[PDB]
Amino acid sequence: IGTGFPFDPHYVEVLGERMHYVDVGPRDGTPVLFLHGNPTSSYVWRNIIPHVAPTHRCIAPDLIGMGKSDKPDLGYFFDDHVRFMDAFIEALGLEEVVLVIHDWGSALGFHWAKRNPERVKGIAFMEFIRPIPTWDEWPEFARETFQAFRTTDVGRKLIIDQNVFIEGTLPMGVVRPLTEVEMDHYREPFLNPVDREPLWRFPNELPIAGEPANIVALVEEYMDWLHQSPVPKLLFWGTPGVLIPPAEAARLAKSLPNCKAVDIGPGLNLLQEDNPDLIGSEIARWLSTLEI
């Protein structure tokens, strides 16, 4: 499994800030837009892109506050990410896209697609944001720790002051051990404790047991859109999962129109880090089939 990130940095000014993005592959045709989540960056896609890039343009931004993108003194609410991602997509002139999305990047991508349904030609997704109706549907092993994260004093202490989302949660979201290079590359954006705001606001945004009500609503709205859309869909899932347990993956593979579902083997949240070969191969192949 490659630890390298052999992509030249590109930057675009967005709302007066700058965002970093990978942009590889051919200049024409429909681009594939890869959206990471918490607490990753475009780095999470490094072993998936090289399988897609021979045939398609691959664009992988770092969310505002993350990666190599700028770090303005925001609250990094989901609304903030929405604003910056809408503006990134316009600043690059993108017209139609294929979306490849994960964790909070999935809330972004689905919320975009709902609002711009004529510009979305396919969606591949994995470990994605859906409403978690009660805390019982959060996995038991991570339950206590996510509940602590969703406080101000204790959660900030953990995420911001002790860097637990990077040091603890991130390796607990991958079945294989991450290597020290890997860990250092995920550490890099968050060396300064003050830059850890998004790492804490994210889990506080998770739509769990009805809260926060605004996020619950928005997520329900794009899940309804999704259930009704004929757009081609590709769902990766793993066992036991985190956000998407196998039973849920099986239900969505039948409930969503035009949905192909692919089991990656063992997986928790960062499926890309457990089976990037399968994921990149199956995306490249599926992309071919969107023309058939």
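Numbering starts at 1 and runs along the sequence shown.
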Of 263-271 and 57-65, the one with larger mean CA B-factor: 263-271
Comparing 132-140 with 101-109, the one whose average Cα B-factor in the PDB entry is higher: 132-140
Candidate residues 163, 169, 152, 204, the one whose C-alpha B factor the record puts highest: 152
Top residue by Cα temperature factor, when 208, 74, 159, 183 are compared in the entry: 208
Ranked C-alpha temperature factor of residue 117 among modelled chain residues, by third: highest
Third of the chain's Cα B-factor distribution that residue 33 belongs to, per the entry: lowest
Relative C-alpha B-factor of residue 280, binned into the chain's lowest, middle or highest third: middle
Entry-reported Cα temperature factor of residue 189, expressed as the chain third it lands in: lowest
Residue 220 - Cα temperature factor, lowest/middle/highest third of chain: highest
